[PDB]
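> Got an experimental structure here, sequence first:
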Amino acid sequence: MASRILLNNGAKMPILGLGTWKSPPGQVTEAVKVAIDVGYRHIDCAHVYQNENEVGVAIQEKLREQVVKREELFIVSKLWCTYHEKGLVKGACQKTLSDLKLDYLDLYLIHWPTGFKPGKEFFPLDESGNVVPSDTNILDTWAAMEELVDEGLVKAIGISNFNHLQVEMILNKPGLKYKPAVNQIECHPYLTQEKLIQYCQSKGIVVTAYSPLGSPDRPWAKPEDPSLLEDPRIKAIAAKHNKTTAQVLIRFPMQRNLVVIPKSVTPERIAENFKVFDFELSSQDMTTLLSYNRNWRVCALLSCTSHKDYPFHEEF
Ligand SMILES: NC(=O)c1ccc[n+]([C@@H]2O[C@H](COP(=O)([O-])OP(=O)(O)OC[C@H]3O[C@@H](n4cnc5c(N)ncnc54)[C@H](OP(=O)(O)O)[C@@H]3O)[C@@H](O)[C@H]2O)c1
Ligand SMILES: NC(=O)[C@H]1C[C@]2(NC(=O)NC2=O)c2cc(F)ccc2O1
């Protein structure tokens, strides 16, 4: 299968990337170095993950070592919710660039459609405990993102956790200069997202699937939540193809024409997770995995359910 998908900005994005949420700062430099050594060319980052400096140390080393050229890498980061104000977006991008040791990003995403009050706290909640919003409109945030393209700091802009109509708001924004290239959303067999994927693909927007393994290291997991890596039905499909459960869970979105970004800091698993271009799931396998949908989310942003722009009220 082809390793890179064409974006609506004319650049090609690797369909397999390395995730870095929850990767410890003491382990993520080695994790990104090993990932680049074994073939990965896309790294998914975010300022709110608090490890971009350490990701940058790895990228910089592999670039200086001439293990890879900058043009061959596809580096993604995300604008955090406390920087939606027009006057804060460039600084937020520039801090990410400085941390990552880069002079441009390949793709910069609005991390959530929800803007929060600016300040040192990433989740600034009022005496009572609810997120304090910003009044900045997300069409104005989008215009600020478009300026980053026109200034050369980013080659592509996109969105993340946007529901279908929020996508629609962006796409219908008066004066729209650049369409979003990507919508990065949670997607796996327990949250299959057919409606939202269809809408986005129909518009030339590429979808990236996050938490493709079900995020077993998510901070709020409970023993009684479903577990994709332990699902006997998924292990059965993996056994049939002589692959691991993780490899099936990574190959599944690839065959829906999605980009996928599994996280690991374990060198053996980083390597294993990339070995997904040598087998094919059947259509029957694909439909069977889709049938496991239960609308179950890893990331529901539970402190923001009353924000004007909370995304997960809408069906899709
Ligand atoms: N846009 C957003 O709002 C958003 C939200 C969530 C996630 N994301 C992105 O998506 C990435 C992936 O999602 P995620 O971090 O939630 O979870 P994930 O990729 O679904 O799962 C990560 C977990 O799976 C384990 N693991 C990886 N490979 C494995 C294998 N081959 N066998 C067994 N276990 C394996 C990892 O363990 P070890 O690391 O210990 O090996 C880790 O505990 C993130 O890191 C982030 O980059 C973005
Ligand atoms: N479940 C949620 O709603 C998650 C999302 C998230 N995970 C992720 O990758 N991007 C994100 O917003 C995350 C990351 C953080 F550093 C802090 C909070 C948090 O809430």
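In hand now; what should we look at? Numbers count the residues shown, from 1 in each chain. Ligands and ions are numbered 1, 2, ... in the order given.

> and the residue in the stretch 51-200 of the chain that ligand 1 sits nearest to, how many neighbours?
Going by CB to the nearest ligand atom, ligand 1 is nearest to residue 160 of the stretch 51-200 of the chain, at 3.9 Å. Yep, even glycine has a C-beta here, placed from its N, CA and C like the rest. Residue 160 has 23 neighbours, counted by other CB atoms under 10 Å.

> Now do the phi/psi pair for it.
phi -150, psi 140 (degrees, to the nearest 10).

> cool, and the one 5 residues further on?
With angles defined as degrees, to the nearest 10, residue 165 sits at phi -80, psi -30.

> tally of neighbours for the residue lying closest to it once chain neighbours are set aside?
For residue 165, ignoring the flanking residues on the chain, the nearest one in space by CB to CB, 6 or more residues apart in numbering is residue 314 at 6.0 Å. Number of residues near residue 314 (other CB under 10 Å) recorded here: 12.

> residues in contact with residue 314?
Contacts for residue 314 were tallied using CB atoms under 8 Å, 6 or more residues apart in numbering; they are 163, 164, 165.

> hmm, which of those residues are the buried ones?
When these are checked for burial by 16 or more other CB atoms under 10 Å, the buried set is 163, 164.

> Quick check: of the contacts of residue 314, which lies closest to ligand 2?
Nearest member of the contacts of residue 314 to ligand 2, counting by CB to the nearest ligand atom, is residue 163, at 14.0 Å.

> check contacts around the closest one.
113, 196, 311, 312, 313, 314, 316.

> again, but for residue 162
Residues in contact with residue 162 (CB under 8 Å, 6+ apart) are 110, 113, 170, 180, 183, 185, 311.

> ok, residue 125 touching residue 303?
Yes - judged on CB atoms under 8 Å, residue 125 makes contact with residue 303 at a distance of 6.5 Å.

> roughly how far out does stretch 31-41 sit from the chain middle?
17 Å (CA atoms, centre = their mean, to the nearest Å).

> near ligand 1, anything from it?
No - figure legend: stretch 31-41 not in contact with ligand 1 (CB under 6 Å from any ligand atom); closest approach 7.7 Å.

> What of stretch 196-206?
No - judged by CB under 6 Å from any ligand atom, stretch 196-206 stays clear of ligand 1, getting no closer than 13.7 Å.

> Same check on stretch 54-64?
No - contact of stretch 54-64 with ligand 1 (CB under 6 Å from any ligand atom) is absent, the minimum separation being 10.3 Å.

> Dump that stretch to PDB, keeping only the CA atoms.
Extracted in PDB, the C-alpha atoms of stretch 54-64 (Å, rounded to 0.1, in the frame of the first residue of the first chain):
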ATOM      1  CA  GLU A  54      12.500  16.200  23.900                       C
ATOM      2  CA  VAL A  55      10.900  15.200  20.700                       C
ATOM      3  CA  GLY A  56      12.900  18.000  19.000                       C
ATOM      4  CA  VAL A  57      16.200  16.700  20.400                       C
ATOM      5  CA  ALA A  58      15.500  13.400  18.600                       C
ATOM      6  CA  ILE A  59      14.500  15.100  15.300                       C
ATOM      7  CA  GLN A  60      17.500  17.400  15.400                       C
ATOM      8  CA  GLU A  61      19.900  14.500  16.000                       C
ATOM      9  CA  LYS A  62      18.600  12.500  13.100                       C
ATOM     10  CA  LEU A  63      18.700  15.500  10.800                       C
ATOM     11  CA  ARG A  64      22.300  16.400  11.900                       C
END
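
> Spell out which parts of the stretch 1-150 of the chain neighbour ligand 2.
21, 46, 48, 49, 111.

> need those residues in a markdown table with neighbour count, can you?
What follows is these, written out as a markdown table (neighbours: other CB atoms under 10 Å):
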| residue | neighbour count |
| --- | --- |
| 21 | 19 |
| 46 | 21 |
| 48 | 18 |
| 49 | 20 |
| 111 | 20 |
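
> May I see the residues you listed arranged in TSV, with secondary structure as well?
Putting those into TSV (DSSP: H, G, I helix; E, B strand; the rest coil) gives the following:
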residue	secondary structure
21	coil
46	coil
48	helix
49	helix
111	coil
